[PDB]
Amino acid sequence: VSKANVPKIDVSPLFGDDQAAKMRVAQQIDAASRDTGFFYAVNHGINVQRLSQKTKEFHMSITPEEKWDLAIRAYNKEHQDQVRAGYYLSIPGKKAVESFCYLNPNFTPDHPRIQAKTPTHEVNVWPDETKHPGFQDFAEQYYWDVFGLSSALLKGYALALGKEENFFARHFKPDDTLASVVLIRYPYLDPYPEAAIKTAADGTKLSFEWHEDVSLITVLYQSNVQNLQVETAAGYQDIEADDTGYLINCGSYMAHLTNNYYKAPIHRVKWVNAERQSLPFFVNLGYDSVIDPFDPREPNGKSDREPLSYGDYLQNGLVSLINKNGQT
């Protein structure tokens, strides 16, 4: 397969007050969004080597007893409130992947949306402090660091579409965002179970099938082991790895609001027998957020699509993705 066009864009102007420089970044985001749908964010300000080291100290020290105690509902019937947040177990001999998901640290027991039991809002669960010293405080601080990067990126997407810079960011707030971090471990295994390997129609061995993302945008750190592919008009292409930057793409909410001007790219995960990390931040809005759909290709900007609230979008999308590609 040939190599996918994935440009490196320096996103540092998006943090400052130089309006013309921000426009130059916006144009590069527009070009990448109309082409393969992917780019690397560089000069982002975040210490990704320390993120990798802290995440590795956690995955490698957590015990089977602690994983049952933190497990989501799909693995532990006792934990009916845990649909999104908590531990997603491996199944030795059948399923290789395992992961930990956490939500907004402001979703405390006194938060009005947790009091009302609104779908998609949960209070995070954490391992014992004495067993994992410093982990919960590191992980909460990381949520705010990648939140800050994502707010800057959202300024560049708004400019790219001909809008004012707070068009998306106004709907992305500390007190109510539905955004999530997932710390995915893909393990080295000897022998690697064949039941954990899927085969595409074209014969390619996979760990996760073709899909579009459920997000507005996705903001991803990975290790330096090549595995991602993107569908283009020329067929599936390889995305090169870069463990110093963040890989960015649009999810299906952005394709809805823009009448498919910025498509949600179809992508998949090749099977590789290597110990590695996939650490996505899914940029989601608030439960009642609505952006009216438009079409930047039409003279009058009007679209034949209906408004959809972010909450309804997120709940149905996460269920459909489990029915399509399986419980992770």
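Don't overthink the numbering: it's just position in the shown sequence, from 1. Just so we're on the same page, rigid core means the largest C-alpha set that superposes within 1.5 Å between forms.
Here the rigid core sets the fit, and in 9 other deposited structures of this protein the C-alphas of 232-240 stray farther than those of the other stretch, out of 232-240 and 247-255. The PDB entry reports B-factors from which the mean C-alpha value can be compared for 302-310 and 7-15; the larger average falls on 302-310. Higher average CA B factor: 122-130, of the stretches 177-185 and 122-130. Comparing the C-alpha B-factors of 48, 279, 29, 291 in the entry, the top value falls on 291. Highest CA B-factor among 297, 67, 59, 270, as stated in the entry: 297. For residue 234, the recorded CA temperature factor ranks within the highest third of the chain's modelled residues. Sort the modelled residues of the chain by CA B factor and residue 193 lands in the highest third.
When the modelled residues of the chain are ordered by their C-alpha B factor, residue 82 lands in the middle third. Placement of the Cα temperature factor of residue 220 within the chain: lowest third of the modelled residues, per the deposited record. In this PDB entry, the Cα temperature factor of residue 90 sits in the middle third of its chain's modelled residues.
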